[PDB]
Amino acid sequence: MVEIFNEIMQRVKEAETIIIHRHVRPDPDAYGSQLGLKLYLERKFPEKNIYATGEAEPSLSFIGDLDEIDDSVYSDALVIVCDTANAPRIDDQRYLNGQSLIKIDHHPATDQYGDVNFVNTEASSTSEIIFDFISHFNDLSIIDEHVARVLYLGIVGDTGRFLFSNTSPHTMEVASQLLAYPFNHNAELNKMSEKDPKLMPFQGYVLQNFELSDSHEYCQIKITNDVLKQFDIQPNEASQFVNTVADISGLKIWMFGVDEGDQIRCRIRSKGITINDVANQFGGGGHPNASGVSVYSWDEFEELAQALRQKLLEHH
């Protein structure tokens, strides 16, 4: 065929039970897109058995709970790996133990795992692809407040509340359409934006210990083992406050290094400049806009700063 959506819905109508998967570390989209496809199907073919397997992140518990698959249901069922770049990165690994495999994602097509592959690279999120799918079957009536909830939240998180560049006029329109359904976005949004007061004091530290260039283009934060225990926080926890300096006016590149003990795992992100470049120089790597390195000392951490800062000289 040429209209993959139809071939999917077909494979679906011909299976009494289908289970959906998503990548490992879950995000609002990976959550909404999964629970969404599910909630949708369950509304269209109540005679079938739709399940969503996953580790279940308590962080997204409010979006919806997952299902406990008995691994023997994979016998004669259709597996749908929703939102997942590469297969190994799929959550439950018994997905390949189904009748046929079908994947829906919005990341660059490099794996193409699964029989039928539909990747709308230009989509803001998989949730969005799901809305497109159900919208292609005029089921915008069969859907309700429960389904739209996840789909919204999904698009919301994957685009940071329609802020990121991946937000298109269509994305808005879809968001527009979901809000039609009664569910109160303001509420849902807040419960998603909640924060732990426990970590707030530390975050204040980050704000009190900067490191901006005279030009404001470069900014760093050294989290010494001392502060890690002074504020009583694990190296992991503190490492989530990277973008706590991103909003500084004029900031072009910033690095956040927290000492784990025998190495200083530093996460480096830039406004929009090839950075993973220098990352490799130090044995690191990653996306050109958000890479990571694991120096063995602050003296080396500084060499990284010097290398990063020099990158700003080529641009002006």
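We number the residues from 1 along the sequence you see.
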For 168-176 versus 222-230, entry-based mean Cα B-factors point to 222-230
Quick note on 75-83 and 201-209: per-entry mean CA temperature factor is higher in 75-83
Max C-alpha B-factor within the set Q281, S61, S33, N49 falls on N49
Based on the PDB entry, the highest CA temperature factor among the options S135, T159, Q93, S127 is that of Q93
Binned into thirds over the chain's modelled residues, the C-alpha B-factor of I275 lands in the middle
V119: CA temperature factor from the record, placed by chain third, in the middle
Quick tally, chain-level thirds of C-alpha B-factors: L189 sits in the middle
Sorting the chain's modelled residues by C-alpha B-factor and splitting them into thirds places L140 in the lowest
Temperature factor at the Cα of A109, chain-ranked in thirds, falls in the highest
